[PDB]
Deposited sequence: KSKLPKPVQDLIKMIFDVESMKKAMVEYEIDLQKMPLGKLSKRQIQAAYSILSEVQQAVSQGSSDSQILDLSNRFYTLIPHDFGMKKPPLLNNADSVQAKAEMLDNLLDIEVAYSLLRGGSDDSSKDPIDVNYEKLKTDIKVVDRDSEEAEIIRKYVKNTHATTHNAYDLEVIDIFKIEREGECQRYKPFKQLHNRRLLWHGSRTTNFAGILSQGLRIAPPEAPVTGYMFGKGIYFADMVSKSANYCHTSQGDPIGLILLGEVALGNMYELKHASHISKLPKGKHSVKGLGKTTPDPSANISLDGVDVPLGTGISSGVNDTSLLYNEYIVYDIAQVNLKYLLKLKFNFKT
């Protein structure tokens, strides 16, 4: 019987939940009868990315006769639940982004499931502890009365956007997390200027992969047109922006969100989509300029790292696609994951 704290045990149950993985697959219209969770593999996913990169090609350069063949070959690699079908045609930039998002999620599910079916079987040990070891991550419950908790709750309290007012958030648990060897990976960037504590939200079925592998970049095979600022790791300074990417609902209202230390450095600032393969010389990150920004006068420091937890104000930026800020790094060593919060979404709709 596990001696880990209850909060940590409920987190391990959540993230290694096999039924939740399957639920996510049918959310993306996959056929589990033909492509079940156990049949999933990296090279099928990478091949699908490549077929999706070809559909990208033909969309950019403009016919519905040829596209049909490309579209069909995508469905061959990743079976969808359409019966005797004629499935929907993949003929635009949206469809490319939608299937790229699915394949991102499938990659993290394969990793989680592979940990689950890899390794040893020992009935004397609590499965919770066994699965905790597979994450190679030290998780400790942050105390509610501590100063680091007060700052984090104030970051959540102050940075909920008016346009995301369909819900509010309760911080249920705050975990301090330390991935094995990540501090050693981060070392070159640790004293770099413009380090910031930023949100990353993701569905709970991705977190086993995230805590085992770290936040990763989408692979070479993936279509760079499927991501607004190319293939990097994306963070926000407004909690609700990242919270939306949990994909919680009335029938699934508990989510997970990270706080990471992100070495932004010299930010290449952008107002509109720009599907870059690499930064311009001397830039360490992209900053997608939002219309609203957290108040710069209210920046607080937590362990020498800036925490932009001021209330939302006007940035004074005019012709921008983004309502709120957005931060992207393109080297995975520029991220050091610091906290993990478990959130209860109170939907009012």
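Annotation: deposited residues 63 form the one stretch not represented by C-alpha coordinates in the model.
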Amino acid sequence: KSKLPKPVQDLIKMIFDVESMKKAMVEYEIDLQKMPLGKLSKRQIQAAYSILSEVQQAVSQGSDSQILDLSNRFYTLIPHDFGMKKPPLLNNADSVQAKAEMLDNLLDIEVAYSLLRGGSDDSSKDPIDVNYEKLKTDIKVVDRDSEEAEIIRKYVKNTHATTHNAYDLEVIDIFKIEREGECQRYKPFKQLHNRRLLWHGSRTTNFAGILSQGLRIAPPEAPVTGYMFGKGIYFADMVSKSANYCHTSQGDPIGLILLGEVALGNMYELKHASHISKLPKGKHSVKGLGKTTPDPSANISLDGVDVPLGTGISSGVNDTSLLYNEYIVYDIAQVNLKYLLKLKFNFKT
From here on, numbers count along this sequence of modelled residues.
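Rigid core here is just the name for the largest C-alpha set that superposes within 1.5 Å across the two forms.
After superposition on the rigid core, the larger root-mean-square Cα deviation in 5 other deposited structures of this protein belongs to 77-85, not to the other of 138-146 and 77-85. Superposing each structure in 5 other deposited structures of this protein on the rigid core shows that the farther-lying of 63-71 and 279-287, by root-mean-square Cα distance, is 63-71. Stretches 320-328 and 300-308 differ in mean CA B factor, with 300-308 having the higher one. With 32-40 and 47-55 compared on mean CA B-factor from the PDB entry, the stretch scoring higher is 32-40. Between the residues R216, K86, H200, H272, it is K86 that shows the highest Cα B-factor in the PDB record. Residue set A236, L264, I254, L279: peak C-alpha B-factor at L279 (per PDB entry). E178: CA B factor lies in the middle third for its chain, per the PDB record. The deposited CA B-factor of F82 belongs to the highest third of values across its chain. When the modelled residues of the chain are ordered by C-alpha B-factor, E148 sits in the highest third. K342: CA B factor lies in the lowest third for its chain, per the PDB record. When the CA B factors of the chain's modelled residues are split into thirds, the value for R73 lands in the highest one.
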